[PDB]
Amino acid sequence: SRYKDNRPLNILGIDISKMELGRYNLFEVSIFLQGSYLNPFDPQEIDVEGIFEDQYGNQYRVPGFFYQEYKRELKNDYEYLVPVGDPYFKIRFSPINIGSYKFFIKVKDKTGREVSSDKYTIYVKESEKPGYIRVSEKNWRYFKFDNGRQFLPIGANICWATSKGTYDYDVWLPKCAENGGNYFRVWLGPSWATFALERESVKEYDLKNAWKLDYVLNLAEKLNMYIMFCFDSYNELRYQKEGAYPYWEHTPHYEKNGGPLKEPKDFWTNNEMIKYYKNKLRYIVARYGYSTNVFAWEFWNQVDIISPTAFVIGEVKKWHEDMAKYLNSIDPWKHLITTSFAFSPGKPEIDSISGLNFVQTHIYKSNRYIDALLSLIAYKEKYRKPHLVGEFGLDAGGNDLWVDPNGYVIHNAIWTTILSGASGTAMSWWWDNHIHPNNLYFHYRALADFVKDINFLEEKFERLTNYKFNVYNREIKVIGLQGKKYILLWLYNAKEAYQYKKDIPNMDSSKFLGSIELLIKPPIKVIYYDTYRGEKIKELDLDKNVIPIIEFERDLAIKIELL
């Protein structure tokens, strides 16, 4: 209990970040206090709350959180955080309406003593921010912002840094954002993760790693990127003898390391563990819930491959139902909630629960993965909520970087997923050893420039059918969407798309290859798009439903407008 206090409860000072701010912007309160508590991360020991009210009756109860300031520096090849001042408490709020808000602070500690502040008034003006990310009410396959604009996630996993810490995100995130990226995913566990909150303990959270997460969230704010926060990863509950990067013997949950659990199976039902997990969810909501740049709360990375001694489907299901209900109830902004599985088809008993707002697929597969992605996307339409292919790679034991240095595998996956009805791109692994050093960001820029001017929420897209190839001496296949105004095609050569040795294609041809006939009514405008250079190649006005295919090396995109 390094942070314990044993003084009578009193507010000593309050700092306010600004009295005028924009819609959805951060309003931060710093609270200096003394009190009686053993653990500032436990609301039964000390409970800080900010009570906000707008002009329209809406009240918000925002939990406060323990905070330490740091100053970062680079010590050769590793980040070092120097503490600045004593720790204190913060409240982080974001206004959804404009106009006036009144608020005050309430604090209660374990003695039952309660103190409060006077009421303060702030004023909120309109801003450029689109709001929080929600499921689209127009098309349940897709996400939107509160203001109605679509959110199509384009990006990759960027789940932890090297020893350089936040200084790696200083490099990766601007490169991603300038190439059309608006999404990434970070890990808040296991204990070795850059942003691990449960580093030494499951009862107290790591203030340095939480500060790094602040920093990276602030960088995403500046770059208009949106983050999935993955709270826990399967390794935490997987025994050393089971392989696959296990970590149970080292995890703070284990009694050997000071935690409440004698075995990982007890995670789902141990009363002490459940209480501390809820405290962690409260801490996460308190410290990060304000942010519209939090796209989603994700409970688990691949919960199905925890130890088989620990995976009890009914208990994992009930835990997800209960925690999703608790998290939603304490989150004033009601962020999206999800979870993930390593098994590519997922677990319908869990994917079907209403408290998970969208489903995911992880798939690592080397052979015919285009067909596998299409099949999984078609299959999971049964859930009637968005589908994110949250992890994708070859099944090559991490050897994607030597097998495919040009990123053709990533290329194939992002085009296939977006044009098959998934909510956004397939999200690659290997951000640090592959995407960045091989400079693969251009693939995302080409795709983003192709899709960004289409409102997917309103096209009523469905997977392409009713088509007829007429192509000789070549095997061309199609992934496509047919909408009320647009038809989007990705054509690929089946004999070239899975070969990765050749250099990046340089500029297709002037020649006719073949044709594809579509069940559509002319006239139409046809745009041919180079998926590697990310540019229009050719435009063609047509009076019939037979679309010529120009010569191309590996793959080609076509945008068709119904006139």
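Note that residue numbering follows the sequence shown and begins at 1. So that the term is clear: the rigid core is the largest set of C-alpha atoms that superpose within 1.5 Å between two forms.
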Taking C-alpha RMS after core alignment, which stretch differs more from the shown form in 5 other deposited structures of this protein: 263-271, or 471-479? 471-479
Core superposition done, the stretch whose Cα atoms deviate more in 5 other deposited structures of this protein, picking from 278-286 and 392-400, is 392-400
Avg C-alpha B-factor, entry values, 467-475 vs 102-110, higher side is 467-475
Can you tell me which stretch has the higher mean Cα B-factor, 512-520 or 533-541? 512-520
So among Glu236, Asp322, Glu462, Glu263, who wins on Cα B-factor in the entry? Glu462
Out of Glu298, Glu221, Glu198, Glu349, whose C-alpha atom has the biggest B factor in the entry? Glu349
Of the three thirds of its chain by CA temperature factor, lowest, middle or highest, which one includes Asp395? highest
Test of reading the entry: by CA B factor among the chain's modelled residues, which third contains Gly50? middle
Third of chain Cα B-factors occupied by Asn506: highest
By the record's CA B-factor, is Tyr492 among the lowest, middle or highest third of residues in the chain? middle
What third of the chain does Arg185 rank in for C-alpha temperature factor, lowest, middle or highest? lowest
